[PDB]
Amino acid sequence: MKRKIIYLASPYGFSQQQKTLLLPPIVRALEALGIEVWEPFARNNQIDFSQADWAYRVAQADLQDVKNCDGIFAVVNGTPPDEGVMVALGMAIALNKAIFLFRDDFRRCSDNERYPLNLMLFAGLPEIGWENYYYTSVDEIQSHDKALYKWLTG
């Protein structure tokens, strides 16, 4: 009955249009699985951007959310994936959080032939079956055959 907490890491807060139009459908798909979504652009609405220390406070606030999530859902679109998202993904791998990756961007940005992206993004995923954690469309988030659903049900 306690909802699992997902940190929703994305570059979508940087573009006015992307923040308005791309994130809400992703948040809704995750919430339809029963997830408690911590999305940092929304959770940092409160922070007083008129202070000189706002960037440091956002950094610490995001760090605490990653430490206290149960898993990360990392939007890794872009060439290359966003550096903020990557730092958060690294934190979550090191803290043994559950890892889920989302990329509906069909371009390749890779240093290898096994994975569609730089191999470091998959260090927290299994050698076999990592594709089950790798979502390629918003429509796929609901899938009972993929790893987010299975994680929530055991």
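When you see a residue number, it is the position in the sequence shown, counting from 1.
Taking the PDB entry as given, 38 to 46 carries the higher mean Cα B factor of the two stretches 38 to 46 and 58 to 66.
Here 97 to 105 and 48 to 56 are compared by their mean Cα B-factor, and 48 to 56 comes out higher. In this entry, the residue among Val85, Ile128, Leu33, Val27 with the greatest C-alpha B factor is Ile128. In this PDB entry, the Cα temperature factor of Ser137 sits in the bottom third of its chain's modelled residues, the lowest group. Among the modelled residues of its chain, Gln16 has a C-alpha B-factor that falls in the highest third according to the deposited record.
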